[PDB]
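Lettering of chains follows the sequences in order, A, B, ..., and the numbering in each one begins at 1. Values below: every heavy atom of this structure, side chains too, minus hydrogens, waters and symmetry copies.
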Amino acid sequence: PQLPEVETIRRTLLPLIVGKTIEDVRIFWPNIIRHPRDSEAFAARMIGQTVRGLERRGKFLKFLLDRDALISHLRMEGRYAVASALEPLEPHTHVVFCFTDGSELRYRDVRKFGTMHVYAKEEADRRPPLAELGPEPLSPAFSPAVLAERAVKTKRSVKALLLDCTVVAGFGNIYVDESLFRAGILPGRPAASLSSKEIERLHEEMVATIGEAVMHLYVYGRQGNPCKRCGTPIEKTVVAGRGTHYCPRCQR
DNA sequence: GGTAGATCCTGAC
DNA sequence: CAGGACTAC
Ligand SMILES: [Zn+2]
């Protein structure tokens with residue numbers, strides 16, 4: 001799920017778990033647990049704590065408990081569900097939080113790429129994976145000025161820049177490609193080659209694209225098909241190790 | 001210190 | 001072989 005989807009998850013999941021107390025934590029793929037490194041310590045510390053809140057930073061979910069915070073990233077295909085402990089688990093369920101009311105918060109992930117970190121709440125923001133996270137794309141903290149500053153000081157492509165979580169929080173591949181198309185900028189352009197006008201336009205489109213989503217595609221996954229603006233076949237290449245889609249006429 | 005590379009997994013082609 | 005986010009040149 002991307003940022004907009006994660007925000008939806010945060011909004012919808014909260015009322016389903018708030019006020020519930022953890023009685024057990026069951027882990028079927030320990031590698032998901034990143035801190036404490038020992039999955040048994042992870043499980044033990046959470047028992048007895050009540051869920052008090054749920055926040056989002058970038059694509060990370062932050063579960064607020066009594067003492068600790070649980071920081072969770074779903075990556076490509078991670079999913080949470082709340083269901084009865086009496087029913088069989090769905091396939092690919094790797095972590096389950098059991099509540100005293102007989103309900104469960106279940107984490108599924110066919111790819112097993114998701115991660116979980118638990119720290120005392122006051123530490124969470126100064127530890128991985130939240131430390132160094134850039135500003136929210138929809139916040140004043142993410143401005144053309146901030147974007148321009150990062151762009152001038154790097155030799156990387158503009159796409160590589162936008163994918164950098166330290167530059168802006170949780171801007172996914174799909175939104176990078178879409179934003180770059182809407183701003184009329186080639187993904188392979190050196191970040192430092194962008195004019196002040198192009199930086200301004202890009203920031204504008206980044207906010208509009210992600211902002212619309214939290215509330216059709218031009219290029220992403222449309223390779224070989226006609227551009228919706230000019231009819232030129234959309235092309236796909238690799239930039240910054242990622243599938244990269246663009247229109248060679250609309251983008252320069 | 002900045003930046004590329006290795007890292008994980010597995011359904012899919 | 002793509003996908004998001006610690007090690008070593
Ligand atoms: Zn076009």
Inter-nucleotide P distance (B:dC8, C:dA8), Å rounded: 14 Å
P spacing across the pair B:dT10 / C:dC6, given as an integer number of angstrom: 22 Å
Between CZ on residue A:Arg75 and OG1 on residue A:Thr115, distance to nearest 0.5 Å: 5.0 Å
Examine the side chains of [X] and [Y] and answer whether a donor and an acceptor come within less than 3.5 Å of each other.
X: A:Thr209; Y: A:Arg182; value: yes
X: A:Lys236; Y: A:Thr244; value: no
X: A:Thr21; Y: A:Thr100; value: no
X: A:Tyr175; Y: A:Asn173; value: no
X: A:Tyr80; Y: A:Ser72; value: yes

Near-strand residues of residues 237-246 of chain A, defined as heavy-atom separation under 4.0 angstrom from DNA chain C: A:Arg242, A:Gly243
Could you state the atom-to-atom distance from [atom1] of [X] to [atom2] of [N] in whole Å?
X: A:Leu161; N: B:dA4; atom1: CG; atom2: P; result: 12 Å
X: A:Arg57; N: C:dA5; atom1: CZ; atom2: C1'; result: 15 Å
X: A:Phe60; N: C:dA5; atom1: CZ; atom2: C1'; result: 7 Å
X: A:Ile174; N: C:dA2; atom1: CD1; atom2: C1'; result: 15 Å
X: A:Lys159; N: C:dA2; atom1: NZ; atom2: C1'; result: 12 Å
X: A:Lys153; N: B:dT3; atom1: NZ; atom2: P; result: 10 Å
X: A:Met116; N: C:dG4; atom1: CE; atom2: P; result: 19 Å
X: A:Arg156; N: B:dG5; atom1: CZ; atom2: P; result: 13 Å

Tell me if the [atom1] atom of [X] is crowded by more than 12 foreign heavy atoms within 6.0 Å.
X: A:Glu5; atom1: CD; value: yes
X: A:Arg79; atom1: CZ; value: no
X: A:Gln223; atom1: CD; value: yes
X: A:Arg127; atom1: CZ; value: yes
X: A:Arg26; atom1: CZ; value: no

OP1 or OP2 of B:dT3 under 4.0 Å from side-chain N/O of A:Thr154: yes
A:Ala183: side chain to side chain contact (heavy atoms under 4.5 Å, CB included) partners, not counting sequence neighbours: A:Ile185, A:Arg201, A:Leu202, A:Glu205
Selection residues 81-96 of chain A - residue pairs positive for side chain to side chain donor-acceptor pair (under 3.5 Å), sequence neighbours left out: A:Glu90-A:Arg106
Secondary-structure stems for DNA chain B, with pairs counted as Watson-Crick or G-U when both distances are under 3.5 Å and runs at least 3 long: B:8-11 with C:1-4
Report all interatomic pairs (protein N or O, nucleotide N or O of nucleotides 6-8 of chain C) with separations under 3.5 Å.
none

Sugar-phosphate, base or nothing in reach of A:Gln2, heavy atoms under 4.0 Å: sugar-phosphate
Sugar-phosphate only, base, or nothing, as touched by A:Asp109 at under 4.0 Å among non-hydrogen atoms: nothing
Contact state string [nucleotides 8-13 of chain B, B base, S sugar-phosphate only, - no protein heavy atom under 4.0 Å]: BBBB--
A:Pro190 side chain reached by A:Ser157 side chain, heavy atoms, under 4.5 Å: no
